[PDB]
Amino acid sequence: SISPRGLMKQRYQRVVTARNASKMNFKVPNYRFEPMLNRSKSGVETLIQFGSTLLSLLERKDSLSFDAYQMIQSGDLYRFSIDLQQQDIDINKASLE
Amino acid sequence: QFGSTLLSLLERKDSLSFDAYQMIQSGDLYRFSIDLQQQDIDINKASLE
Amino acid sequence: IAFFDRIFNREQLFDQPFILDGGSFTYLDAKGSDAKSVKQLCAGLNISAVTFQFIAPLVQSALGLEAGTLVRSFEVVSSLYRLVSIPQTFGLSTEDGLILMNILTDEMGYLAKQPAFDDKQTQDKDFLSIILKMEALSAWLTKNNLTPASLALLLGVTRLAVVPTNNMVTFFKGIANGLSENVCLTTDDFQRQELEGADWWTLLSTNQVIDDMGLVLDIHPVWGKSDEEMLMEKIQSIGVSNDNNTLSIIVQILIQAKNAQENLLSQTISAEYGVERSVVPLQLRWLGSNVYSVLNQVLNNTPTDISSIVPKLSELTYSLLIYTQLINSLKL
Amino acid sequence: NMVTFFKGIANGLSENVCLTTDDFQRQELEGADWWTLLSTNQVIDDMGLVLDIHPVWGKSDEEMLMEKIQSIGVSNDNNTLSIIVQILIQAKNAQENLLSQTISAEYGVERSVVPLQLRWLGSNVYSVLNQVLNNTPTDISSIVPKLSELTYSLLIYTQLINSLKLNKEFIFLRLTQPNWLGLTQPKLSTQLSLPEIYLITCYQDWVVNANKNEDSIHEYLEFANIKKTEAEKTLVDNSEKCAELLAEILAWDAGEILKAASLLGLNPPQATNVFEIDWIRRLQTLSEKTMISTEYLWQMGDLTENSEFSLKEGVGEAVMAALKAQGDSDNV
Amino acid sequence: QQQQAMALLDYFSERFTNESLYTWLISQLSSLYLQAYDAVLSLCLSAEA
Amino acid sequence: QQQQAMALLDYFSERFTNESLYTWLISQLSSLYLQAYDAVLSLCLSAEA
């Protein structure tokens, strides 16, 4: 007797995207609005560049981690391979006998 | 700059979605593989008999 | 051997053979040892014990017996046998059969009844036609790789189990927050020298263009046309002024505002349910609702706690989940 | 290397990330000596560290920081309050990030889990860093045994959590609802125990093979348990919702679920914790291996009492019928 | 072999860089980009005038 | 064949560009980025005022 094997279940996964916000105010600074604008925009651009830069590094990392895992994982099949090959050798010995 | 940046992200996404789909899809063939391997075992039992 | 006796005394498994007799037993629980014995021997008819309890009340009801009791007679036997065997001939569980029967007739116990040939012939009466229908639809179902339970749920024949959640609260309040953030329209948005000719904001909210909360009203689409075309038409219909330029910028404003509002909602829904932003608006109208009304309700309620949620919106999410399952199962 | 590790930490910690009184010295903050006040209250360590804050299932850091500030009640000004909270949040986040990444680098664990893991080890960032600045051992002999044992324990936990397929949300739950995890005595949490391990075992087991995503489990747990508290000790009426939802999670019948809880005698009859789930799940395993009614199974558990003839009769008859049904639903 | 494949799928899913991340990012950037378009467009109109 | 595979794994690990490198880099940049966020944010607040 034999029976088929049921296909493994797969599902979607929810992703949250809600966000909070907080109000802020500050006292009048020393510098006029346009100087402040120039300063701020420069800083903002720098920060954005930093974030994107870092992101790329994480993408690199996970790529390597995947490849490593895959390689070591694949390394195990040789166990079975060896077993069966040797077994065939023994079988041929018996035939010779 | 914003537009181009976003675009790249969508390209990333679809890449991952493809790989995921492909992997799960490939996972099914093992069903048949198992079936036939076991069947061969039974066949060898009959031969022994 | 007789077909009947073969079916029941197929082999001896107990002390007494099963026997067909007058009298009754309290099948609901049958705690009385003999009643239990009887019921168990009847359950010997292939099916699971638990299944038995789904069937028996229906049989009792259809045959008109006392609610807690069944009798050791062919009538009970045959009714049960019908209900078991018939779907089984299509490989459908006797459980499933109930589902299909309700789908066809809004009755589960239909096969419990005796056959009929009522001169008041109606679709709900011919056993034979009904059986043929069961055949056909079973084929169609398997053809489409469906499932009776799934189908019944989608068809609303049975409700899916759901309850309120913290995350759904967070979801709603998140929406409300982002919606309050810049994307809600405001009267000053119209306050430009170019627009000096009229209080557009009030006028457009007195006409059914704008919700003073800062929302565009819903606009039912049509096969041959597109949004800006019908917005143009709406403005032309109010006919406040002939100036194409002011008209144009007004339309621009309205378009972009709408697009932001709808994008926000669309992406949010997409994130929760795993559906494309491209289809969220249409899907919502197919659910029989619209963005404007949804958002209106949202700002009208903004529930802060799991208990705070308005059942209206709870049912909205329930229906939404249902549609999402459908449209994901089918290649829509 | 462990010496180098500690001194490295101390160095980086001294570098900018340690808070200072001048950080509060802004015209906007002129209303009070916040720094002193917040260090007289148990908010700040004058060394420049935020004090520890035990998390809770339903809430988040800024919410409880807000609450703490509201509790001291220095002023009603939302604006100053807000910026104070901002300052505190970002400072904490830097401090914890530094420590987290450092630990991660040494032991090969995620920054995402380091804080929780530390609390599961029964320690916290604040105390750790406090000890660090309090000692800053310059030589292998200089190390305080306290911290030596800290690293020893840490290594142990790292091995455990790497061997098992643990995750952040799981450990958060563990750190928050031991009752839900069926921890018979939360007081035991001071050290690892075999019961705890076994619980973790069956928990992961359930997780890896349930029908639907674990957040549904989270929801089920909180729903089931908190209902007996949100209305004090009550809401037994939710047993149906609980049962059917769990039945969907497990793919089973709410009838059996309800009956099982009733035979357990739990009031309300609701599976409140993993111990319950595991028992139920086992029961299903037997049911689906034997077709035997759960009622009869649980009843059979008493049969060893050599009580009475009719009981044994009923059980044997039931098992025989179930056997025939099983062989029916196996051979044919 | 089947087991390794299935587990690999899981480990891949548990990569930190993930579909979810891109999805979230995209949603945020999308909102920003649309608003930016409206904003700067108004200024450009003014410039032509 | 097995031997080649295992050795290859080692040689790959001994690539100069390595997981460790990225890990280290990331930790540094992370600290910098967080501080930068706090810093520039304060100035932007002042700008709005």
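Refer to the structure presented above.
Chemist: Help me understand the overall build of chain E, please; the structure alone is not making it clear to me.
Modeler: When you go through chain E residue by residue, the secondary structure sums to 2 helices and 0 strands. Counting only C-alpha atoms, chain E reaches 70 × 15 × 10 Å along its principal axes. Expressed as a percentage of its 49 residues, the buried residues of chain E come to 27%. If you sum the accessible surface of chain E, you get close to 3300 Å²; carbon and sulfur atoms cover 66% of it.

Chemist: So what exactly am I meant to see when it comes to the overall build of chain D here?
Modeler: Within chain D, the regular secondary structure consists of 15 helices and 2 strands. At 27 Å, chain D has a C-alpha radius of gyration far larger than the 20 Å of a compact globule built from 332 residues. The principal-axis extent of the C-alpha atoms belonging to chain D is close to 85 × 50 × 35 Å. Evaluated residue by residue, chain D yields a buried proportion of 45% over its 332 residues. If you take every contact in chain D between residues at least 6 apart in sequence, the share linking residues at least 24 apart comes to 68%. Surface accessibility of chain D: about 17400 Å² in total, with carbon and sulfur atoms responsible for 55%. Each charge class in chain D can be summarised by its mean position, and for the 23 positive and 45 negative side chains these summaries are 3 Å apart.

Chemist: Honestly, the interface of chain A and chain F in this entry has me stumped. Any pointers?
Modeler: Bring the parts together and some accessible area is lost; that lost area is often taken as the interface size. Contacts between the two partners involve 28 residues from chain A and, on the opposite side, 20 residues from chain F. Here chain A packs against chain F, burying approximately 2300 Å² in sum over the two surfaces, 80% of which is carbon and sulfur. The three residues of chain A that bury the most area against chain F are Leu-47, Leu-64 and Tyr-78 of chain A, which together make up 24% of that side's buried surface. Where chain A touches chain F, the interface holds 1 salt bridge. When the shortest N-O distance is used, the salt bridge between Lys-61 of chain A and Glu-19 of chain F registers 2.9 Å. Scanning the region where chain A abuts chain F turns up 4 residue pairs in polar contact.

Chemist: What is the right way to read the pattern of salt bridges from this model?
Modeler: Considering all chains together, one arrives at 20 salt bridges over all chains under this definition. Residues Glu-230 of chain D and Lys-227 of chain D are paired through a salt bridge, measuring 2.9 Å at the closest nitrogen-oxygen approach. Taken together, the positions of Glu-230 of chain D and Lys-227 of chain D, both in helix α10 (residues 214–230) and 3 residues apart, correspond to about one turn of that helix. Residue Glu-230 of chain D is classed as partly exposed on the basis of its relative accessible area of 48%. Close ionic contact of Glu-244 of chain D with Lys-241 of chain D constitutes a salt bridge, the shortest N to O distance being 2.7 Å. With a gap of 3 residues between them, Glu-244 of chain D and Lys-241 of chain D both fall in helix α11 (residues 239–250), about one helical turn apart. Assessed through its relative accessible area of 27%, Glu-244 of chain D is described here as partly exposed. We classify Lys-241 of chain D as partly exposed; its relative accessible area is 38%. Through salt bridges with shared partners, a single ionic network connects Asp-227, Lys-258 and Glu-262 of chain C.

Chemist: Can you walk me through the packing of aromatic side chains in this structure?
Modeler: Here a ring pair, both rings aromatic, is described through the centre-centre distance and the interplanar angle of the planes. Counted according to the given criterion, the structure contains 13 aromatic pairs over all chains. Between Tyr-69 of chain A and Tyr-11 of chain E the ring centres are 3.9 Å apart and the planes differ by 15°, which places this aromatic pair in the stacked class. Residue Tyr-69 of chain A is found in helix α1 (residues 33–74), and its partner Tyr-11 of chain E is found in helix α1 (residues 2–13); the two belong to separate chains. Relative accessible area serves as the criterion here: at 26%, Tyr-11 of chain E is assigned to the partly exposed category. Centroid distance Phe-4 of chain C to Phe-8 of chain C: 5.1 Å. Interplanar angle 50°. Geometry classified as tilted. Of this pair, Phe-4 of chain C and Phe-8 of chain C both sit in helix α1 (residues 3–8), 4 residues apart, which is roughly one turn of that helix. Among the residues examined, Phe-4 of chain C registers a relative accessible area of 29% and is labelled partly exposed. Positioned over the ring face of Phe-16 of chain E is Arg-111 of chain D, at 5.6 Å from the centre of the ring.

Chemist: Help me understand the packing of helix α8 (residues 166–183) of chain C against helix α11 (residues 244–273) of chain C in this model?
Modeler: Relative placement of two packed helices is described by the angle separating their axes and the distance separating the axes. Residues and elements named next belong to chain C. Close contact between α8 and α11 brings their axes to 11 Å; oriented N to C, the two are set at 155°. As the angle between them shows, α8 and α11 are arranged roughly antiparallel. For the crossing formed where α8 meets α11, the hand is right-handed. From α8, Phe-171, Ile-175, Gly-178, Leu-179 and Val-183 reach across to α11, where they touch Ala-260, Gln-261, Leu-264, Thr-268 and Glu-272. In terms of residue class, the contact of α8 with α11 is made up of 6 nonpolar, 3 polar and 1 charged.

Chemist: Honestly, the interface of chain D and chain F in this entry has me stumped. Any pointers?
Modeler: Across the boundary between the two partners, chain D contributes 6 residues, which contact 7 residues of chain F. Interface area, chain D with chain F, both sides summed: about 550 Å², of which 48% is carbon and sulfur. For chain D, the biggest contributors to the area lost against chain F are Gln-90, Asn-97 and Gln-101 of chain D; these three give 57% of the whole. At the junction of chain D and chain F, the tally comes to 0 salt bridges. For the pair chain D and chain F, the interface holds 4 residue pairs in polar contact. With 5 residues, helix α4 (residues 78–107) of chain D is the largest single contributor of residues to the side of chain D that touches chain F. Taken together, the residues of the side of chain D that touches chain F break down into 1 nonpolar, 5 polar and no charged.

Chemist: In this structure, what is going on with the packing of α8 of chain C against helix α13 (residues 291–301) of chain C? I would like to understand it.
Modeler: Residue and element names in this part refer to chain C. The geometry of α8 relative to α13 is characterised by a closest axis approach of 10 Å and an angle of 100° between their N-to-C directions. The angle between α8 and α13 places the two elements in the roughly perpendicular class. Contact residues: α8 offers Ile-175, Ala-176 and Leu-179, while α13 offers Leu-295, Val-298 and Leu-299. Of the residues belonging to the contact of α8 with α13, the class tally is 6 nonpolar, no polar and no charged.

Chemist: Sorry if this is basic, but what is going on with the arrangement of the chains here?
Modeler: Among the 10 pairs of chains in contact, the pair with the most contacts is chains A and F. The least C-alpha distance between chain B and chain C, which are not in contact, is 13 Å. Taking C-alpha atoms as the reference, chain E and chain F come no closer than 13 Å and do not contact one another.

Chemist: How should the side chain of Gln-284 of chain D be read in this particular structure?
Modeler: Mapped onto the elements of the fold, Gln-284 of chain D is located in helix α13 (residues 274–290). A polar contact of 2.9 Å, which involves the side chain of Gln-284 of chain D, links it to the backbone oxygen of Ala-251 of chain D.

Chemist: When you look at a nonpolar patch on the surface in this model, what are you seeing that I'm missing?
Modeler: The grouping of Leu-77, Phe-80 and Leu-84 of chain A at the surface amounts to a nonpolar patch, some 270 Å² of accessible area in total. Here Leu-84 of chain A shows up in helix α2 (residues 77–96).

Chemist: Can you help me understand a negative patch on the surface in this one?
Modeler: A grouping of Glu-110 and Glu-169 of chain D together with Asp-10 and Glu-14 of chain E is seen on the molecular surface, where their side chains present a negatively charged patch. Mapped onto the secondary structure, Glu-169 of chain D falls in helix α8 (residues 168–174). Residue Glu-169 of chain D is classed as partly exposed on the basis of its relative accessible area, which comes to 41%.

Chemist: When you look at the side chain of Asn-238 of chain D in this model, what are you seeing that I'm missing?
Modeler: With respect to the helices, strands and loops of the structure, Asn-238 of chain D is situated in the loop between α10 and α11. Given the relative accessible area of 13%, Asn-238 of chain D is considered buried.

Chemist: Looking at this structure, how should I read the nonpolar core?
Modeler: Within soluble globular proteins, side chains that are nonpolar tend to cluster in buried spots. Residue and element names in this part refer to chain D. Within the largest apolar cluster, 37 residues are counted, with the highest numbers of intra-cluster contacts made by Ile-103, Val-109, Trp-120, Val-128, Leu-129, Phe-170 and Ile-171. At the level of elements, α1 (2–17), α4, α5 (114–120), α6 (125–135), α7 (145–163), α8 and α9 (194–209) are the ones that each hand at least two residues to this core. For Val-109, the contacting residues outside a window of four places in its chain are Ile-103, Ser-104, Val-114, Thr-158, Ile-161 and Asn-162.

Chemist: Please explain unusual backbone geometry as it appears in this structure.
Modeler: Most of the time, phi is negative for any residue but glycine, and the peptide bond is trans. Residue and element names in this part refer to chain D. In this structure, the amide linkage connecting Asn-267 to the following residue, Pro-268, adopts the cis form with an omega of -5°. Of note, the phi angle at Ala-251 is positive, near 55°, even though the residue is not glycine. Mapped onto the elements of the fold, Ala-251 is located in the loop between α11 and α12 (254–264). At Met-291, a position not held by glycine, the phi torsion is positive, near 65°. Along the chain, the position of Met-291 falls in the loop between α13 and α14 (294–300).

Chemist: Is there a simple way to think about the environment of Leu-98 of chain D in this case?
Modeler: All names here are of chain D. Within the fold, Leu-98 resides in helix α4. Relative accessible area serves as the criterion here: at 22%, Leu-98 is assigned to the partly exposed category. Residues in contact with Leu-98, not counting those within four places in the same chain, are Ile-9, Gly-12, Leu-13 and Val-17.

Chemist: Even after reading the chapter, I still don't get the environment of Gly-8 of chain D, so can you show me in this structure?
Modeler: Examined against the element boundaries, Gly-8 of chain D turns out to sit in helix α1. Distance in space between the C-alpha atoms of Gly-8 of chain D and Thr-136 of chain D is 9.5 Å, their sequence separation being 128 residues.

What counts and how
Residues numbered from 1 in each chain as written, not as in the entry; some residues may be left out. Chains lettered and ligands numbered in written order. Part of a larger assembly, values for the part shown. Heavy atoms only, no water. Helix = DSSP H or I, 4+ residues; strand = E, 2+ residues; numbered from the N terminus. Buried < 20%, exposed > 50% of the residue type's maximum accessible area, 1.4 Å probe, protein only. Areas by Shrake-Rupley, 256 points an atom, 1.4 Å probe, with all protein chains shown as cover. Rg over C-alpha atoms; globule rule 2.2 N^0.38 Å. Contact = heavy atoms within 4.5 Å. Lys, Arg positive; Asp, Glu negative; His and termini not counted. Charge placed at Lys NZ, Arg CZ, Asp CG, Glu CD. Buried area = accessible area lost by both parts, 1.4 Å probe. Salt bridge = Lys/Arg side-chain N within 4 Å of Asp/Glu carboxyl O. Polar contact = N/O pair within 3.5 Å; in protein donor to acceptor, adjacent residues only side chain to side chain. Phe/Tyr/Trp six-rings, centres within 6.5 Å; stacked < 30°, edge-to-face > 60°. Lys NZ or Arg CZ within 6 Å of the ring centre and 35° of its normal. Axes fitted to C-alpha atoms, helices over the stretch in contact; angles between N-to-C directions. Parallel < 35°, antiparallel > 145°, perpendicular 65-115°, else oblique. Left-handed = near helix turned anticlockwise from the far one by under 90°. Nonpolar A, V, L, I, M, F, W, Y, C, P; charged D, E, K, R; others polar. Patch = residues over 30% accessible without salt bridge, like charges linked within 9 Å, V, L, I, M, F, W, Y side chains within 5 Å. Core = buried A, V, L, I, M, F, W, Y, C linked by side-chain atoms within 4.5 Å.

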